[PDB]
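Working notes for the structure below.
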Amino acid sequence: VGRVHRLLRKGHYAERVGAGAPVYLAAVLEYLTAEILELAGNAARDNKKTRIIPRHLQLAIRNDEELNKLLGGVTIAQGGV
Amino acid sequence: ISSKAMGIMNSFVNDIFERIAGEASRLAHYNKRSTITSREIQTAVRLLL
Amino acid sequence: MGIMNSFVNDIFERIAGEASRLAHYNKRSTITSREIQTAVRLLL
Amino acid sequence: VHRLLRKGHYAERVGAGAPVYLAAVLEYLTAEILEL
Amino acid sequence: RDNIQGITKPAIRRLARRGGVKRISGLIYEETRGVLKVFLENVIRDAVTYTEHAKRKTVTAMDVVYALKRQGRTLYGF
Amino acid sequence: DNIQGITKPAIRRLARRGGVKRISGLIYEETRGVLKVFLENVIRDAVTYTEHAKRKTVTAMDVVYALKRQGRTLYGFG
Amino acid sequence: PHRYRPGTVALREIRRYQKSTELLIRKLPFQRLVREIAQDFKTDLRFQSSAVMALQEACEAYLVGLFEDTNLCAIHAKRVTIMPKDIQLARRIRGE
Amino acid sequence: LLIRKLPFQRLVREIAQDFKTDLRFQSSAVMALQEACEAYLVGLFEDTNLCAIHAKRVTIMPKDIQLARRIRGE
DNA sequence: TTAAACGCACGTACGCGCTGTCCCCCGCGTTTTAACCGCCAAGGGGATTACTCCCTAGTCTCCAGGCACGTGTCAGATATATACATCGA
DNA sequence: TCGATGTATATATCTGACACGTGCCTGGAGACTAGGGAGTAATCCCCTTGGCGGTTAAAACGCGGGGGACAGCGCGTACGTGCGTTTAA
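One line per chain: the protein sequences are G, H, D, C, F, B, A and E, in this order.
Using PDB author numbering, you'd call the opening residue of the first sequence number 28 and step up by one each time.
Using PDB author numbering, you'd call the opening residue of the second sequence number 55 and step up by one each time.
Using PDB author numbering, you'd call the opening residue of the third sequence number 60 and step up by one each time.
Using PDB author numbering, you'd call the opening residue of the fourth sequence number 31 and step up by one each time.
Using PDB author numbering, you'd call the opening residue of the fifth sequence number 24 and step up by one each time.
Using PDB author numbering, you'd call the opening residue of the sixth sequence number 25 and step up by one each time.
Using PDB author numbering, you'd call the opening residue of the seventh sequence number 39 and step up by one each time.
Using PDB author numbering, you'd call the opening residue of the eighth sequence number 61 and step up by one each time.
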């Protein structure tokens with residue numbers, strides 16, 4: 028929570044930052060992260076593997092229309108098509 | 055999890071963080087306010103996502 | 060007339076944006092002529 | 031240009047040459063567009 | 024609802040004529056209506072979001088300019 | 025003149041990944057111009073960013089900056 | 039003798055290369071190409087191995103997508119052979 | 061302008077009614093949206109004409125629009 | 001020193017131009033709907049100002065959370081024998 | 001239609017990328033003085049919504065007939081599959 032506040036103050040995003048901003052931003056980033064990893068883990072289980080690799084990230088992202096809409100321009104190295 | 059997957063996740067987090075901070079700053083500039091509050095972050099989230 | 064008055068501020072914001080990015084990329088506390096020249100070379 | 035550079039929070043300090051160069055570039059490009 | 028029928032055939036024909044189309048199939052009209060509907064829906068949603076954040080009740084030109092700018096097109100004159 | 029280093033099999037493999045079943049004999053000479061122009065436009069920006077730091081060794085992040093300015097954000101190199 | 043019919047191998051190559059994920063351009067020839075290209079901008083330039091790797095990943099990912107786009111406007115003419123005009127049209131429609 | 065003003069104004073208020081009730085609109089916002097829509101449609105038809113010429117045809121048809129949008133990534 | 005690109009002739013499949021034919025864009029006409037101009041009503045809401053307060057910036061202390069360094073072991077790997085699926089004359 | 005080619009599986013063996021423990025240090029947390037940006041309250045008055053009369057612009061419905069799109073055939077020569085030569089990675 029502290030790191031977010033520090034980066035905000037040092038980034039010139041605004042001259043002042045309220046107390047509630049970092050908890051909200053952290054909750055958002057945690058939610059999105061859990062959503063990504065849950066699908067990547069399911070794809071790994073579906074591939075009888077036990078360690079997640081970039082290919083699984085590509086397959087999980089490109090199979091969801093919402094994540095694919097958010098990350099339409101992003102290129103994943105070693106991801107392929 | 056392999057080291058490369060964590061490496062990709064780090065850039066993913068830095069990207070979304072910068073997008074949200076961007077939109078929150080633009081909204082604050084538009085309304086002529088000096089500070090960022092949960093309302094600005096919530097608006098940025100609803101506009102970018 | 061409004062078109063030109065918008066065009067000027069638009070390019071102003073674009074160039075100042077690139078100058079800000081050039082400043083942040085080097086953790087510099089002051090924007091200088093080198094930053095503006097590099098922004099111009101990057102945009103044009 | 032200098033005022034906007036200070037108010038925009040682009041940096042904590044602004045050199046004297048930055049706004050002069052930015053104004054010169056904006057004027058040059060403005061004339062280039064208006065001519066065409 | 025039926026208000027979508029207000030985009031008459033002659034207006035679409037005039038637009039296609041300016042676009043250099045020499046011959047127009049009779050099925051182009053419904054496709055054009057759907058494309059216009061989705062474009063308007065997105066721009067209006069963005070404008071309403073900016074209007075609501077400011078706690079305003081009137082929708083002004085600035086909310087439209089900002090929406091269009093976000094979609095990736097810049098409109099000069101407003 | 026190393027452009028001849030882009031051999032026919034490599035181009036065929038890339039087109040194969042794209043699902044192309046039949047390839048005309050003129051595609052080979054057409055692809056080289058596209059690849060050369062893309063590389064020149066990326067390298068000029070990467071070198072510009074490296075020069076901004078007054079460094080003499082080009083670094084991966086400078087290339088990330090070049091691609092990001094063009095809208096080609098690359099994930100995997102931090 | 040034994041012989042496969044024309045076009046049956048092409049499908050096998052498509053099915054093969056879309057399942058694998060390795061790089062397809064030769065490392066050394068690509069590196070030499072980048073080295074030759076960079077000489078036009080500045081002398082005594084140096085490149086880390088990861089910078090050239092980044093350029094390679096970018097080029098392969100871009101060209102695959104361009105061929106995917108070109109195939110649609112090639113097929114649109116009821117053909118199967120892709121030709122230069124299909125690339126020219128795709129690039130014109132993309133505005134690049 | 062080429063689209064009738066009154067029907068377009070009613071179209072705008074109809075779309076807006078789905079998001080918030082008792083909304084109000086300035087006289088210039090509707091015309092701004094109208095200018096945006098007319099420019100967008102002119103551009104899409106211009107792009108569709110090349111896809112039509114590509115098959116050596118004269119009549120433009122829906123598949124030309126769908127192809128242009130699919131390649132544009134809309 | 002071995003596996004990568006380069007070269008060869010064979011040949012079946014594709015691209016391309018010809019016709020024959022019937023349907024559905026385009027144009028001119030008579031009709032009729034409502035777009036538009038101008039004038040009347042009137043109140044919900046925008047633009048500016050003052051009161052005064054309670055949330056955030058700057059300075060200092062101290063501590064336990066997280067960065068470099070080292071360990072060692074098991075998850076993914078080539079290689080093998082071979083299994084059975086797919087395509088063609 | 002089955003048998004010649006190709007890709008998939010089940011097994012023993014393998015080695016180096018990763019999960020875990022350590023020391024210690026620089027940033028985060030707790031307490032204070034301070035002050036100005038920001039929440040609330042009030043007025044002025046505009047400009048947006050709702051209605052009326054009416055006069056012709058544009059949209060509407062026919063129907064005539066011929067430009068064009070479409071299915072079909074024939075033919076000629078480009079690029080695909082496989083063998084051998086040979087190049088530099």
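Backbone N, C-alpha and C fix where the C-beta goes; we use that ideal spot for every residue, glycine too.
Answer yes or no: does any C-beta atom of chain F fall closer than 9 angstroms to that of residue i?
{"i": "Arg-73 (chain H)", "result": "no"}
{"i": "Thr-97 (chain H)", "result": "yes"}
Which same chain residues, not among the five before or five after residue i, have their C-beta less than 8 angstroms away from its C-beta?
{"i": "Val-66 (chain F)", "result": "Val-87, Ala-90, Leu-91 and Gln-94"}
{"i": "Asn-74 (chain G)", "result": "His-83"}
{"i": "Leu-98 (chain G)", "result": "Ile-88"}
{"i": "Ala-39 (chain B)", "result": "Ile-47 and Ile-51"}
{"i": "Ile-35 (chain B)", "result": "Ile-51, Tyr-52 and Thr-55"}
Does the distance from the C-beta atom of residue i to that of residue j stay below 9 angstroms?
{"i": "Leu-49 (chain A)", "j": "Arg-41 (chain B)", "result": "no"}
{"i": "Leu-101 (chain H)", "j": "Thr-72 (chain F)", "result": "yes"}
{"i": "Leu-110 (chain E)", "j": "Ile-113 (chain A)", "result": "no"}
{"i": "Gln-77 (chain E)", "j": "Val-90 (chain E)", "result": "no"}
{"i": "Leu-35 (chain G)", "j": "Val-44 (chain G)", "result": "yes"}
{"i": "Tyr-99 (chain F)", "j": "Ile-62 (chain D)", "result": "yes"}
{"i": "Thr-81 (chain B)", "j": "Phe-85 (chain A)", "result": "yes"}
{"i": "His-39 (chain G)", "j": "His-39 (chain C)", "result": "yes"}
{"i": "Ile-95 (chain H)", "j": "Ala-48 (chain G)", "result": "yes"}
{"i": "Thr-77 (chain G)", "j": "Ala-70 (chain G)", "result": "no"}
{"i": "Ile-79 (chain G)", "j": "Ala-98 (chain H)", "result": "no"}
{"i": "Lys-78 (chain B)", "j": "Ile-52 (chain A)", "result": "no"}
{"i": "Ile-70 (chain D)", "j": "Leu-59 (chain C)", "result": "yes"}
{"i": "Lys-116 (chain A)", "j": "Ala-115 (chain E)", "result": "yes"}
{"i": "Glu-106 (chain E)", "j": "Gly-43 (chain F)", "result": "yes"}
{"i": "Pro-67 (chain A)", "j": "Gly-29 (chain B)", "result": "yes"}
{"i": "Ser-88 (chain D)", "j": "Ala-41 (chain C)", "result": "yes"}
When DSSP labels each residue in this structure, what does residue i get in the three-state scheme?
{"i": "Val-87 (chain B)", "result": "helix"}
{"i": "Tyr-58 (chain C)", "result": "helix"}
{"i": "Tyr-51 (chain G)", "result": "helix"}
{"i": "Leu-84 (chain G)", "result": "helix"}
{"i": "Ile-63 (chain E)", "result": "coil"}
{"i": "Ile-79 (chain G)", "result": "coil"}
{"i": "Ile-30 (chain F)", "result": "coil"}
{"i": "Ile-47 (chain B)", "result": "strand"}
{"i": "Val-90 (chain E)", "result": "helix"}
{"i": "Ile-75 (chain A)", "result": "helix"}
{"i": "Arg-79 (chain B)", "result": "coil"}
{"i": "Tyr-42 (chain A)", "result": "coil"}
Leaving out five residues before and five after residue i in sequence, what residues of the same chain have Cβ atoms less than 6 angstroms from its Cβ?
{"i": "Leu-94 (chain G)", "result": "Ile-88"}
{"i": "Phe-101 (chain F)", "result": "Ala-84 and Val-88"}
{"i": "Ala-53 (chain C)", "result": "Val-31"}
Considering Cα atoms alone, identify which of the options is closest to residue i.
{"i": "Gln-94 (chain A)", "options": "G:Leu-56, G:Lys-76 and G:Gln-105", "result": "G:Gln-105"}
{"i": "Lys-37 (chain C)", "options": "D:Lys-86, D:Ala-98, D:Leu-103 and D:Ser-79", "result": "D:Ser-79"}
Output yes if chain H places a C-beta closer than 9 angstroms to the C-beta of residue i; else output no.
{"i": "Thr-97 (chain F)", "result": "no"}
{"i": "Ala-77 (chain F)", "result": "yes"}
{"i": "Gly-47 (chain G)", "result": "yes"}
{"i": "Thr-83 (chain F)", "result": "no"}
Are the C-beta of residue i and some C-beta of chain D separated by less than 9 angstroms?
{"i": "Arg-33 (chain C)", "result": "no"}
{"i": "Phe-62 (chain F)", "result": "no"}
{"i": "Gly-42 (chain F)", "result": "no"}
{"i": "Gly-100 (chain F)", "result": "yes"}
Cutting at 7 angstroms between CB atoms, please list the residues of its own chain near residue i, excluding the five before and the five after it.
{"i": "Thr-108 (chain E)", "result": "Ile-120, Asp-124, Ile-125 and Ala-128"}
{"i": "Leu-83 (chain E)", "result": "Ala-76"}
{"i": "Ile-27 (chain B)", "result": "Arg-56 and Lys-60"}
Kindly indicate if chain C contains any beta-carbon less than 9 angstroms away from that of residue i.
{"i": "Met-63 (chain D)", "result": "yes"}
Verify the CB distance criterion: does residue i have a CB-CB separation below 9 angstroms to chain G?
{"i": "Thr-59 (chain A)", "result": "yes"}
{"i": "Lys-58 (chain H)", "result": "yes"}
{"i": "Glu-106 (chain A)", "result": "yes"}
{"i": "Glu-95 (chain A)", "result": "yes"}
Consider the Cβ of residue i: report whether some Cβ of chain B lies at a distance smaller than 9 angstroms.
{"i": "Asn-68 (chain D)", "result": "no"}
{"i": "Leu-101 (chain D)", "result": "yes"}
{"i": "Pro-122 (chain A)", "result": "yes"}
Measure from the C-beta of residue i to each C-beta in chain A and report whether the shortest distance is under 9 angstroms.
{"i": "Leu-101 (chain E)", "result": "no"}
{"i": "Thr-102 (chain G)", "result": "yes"}
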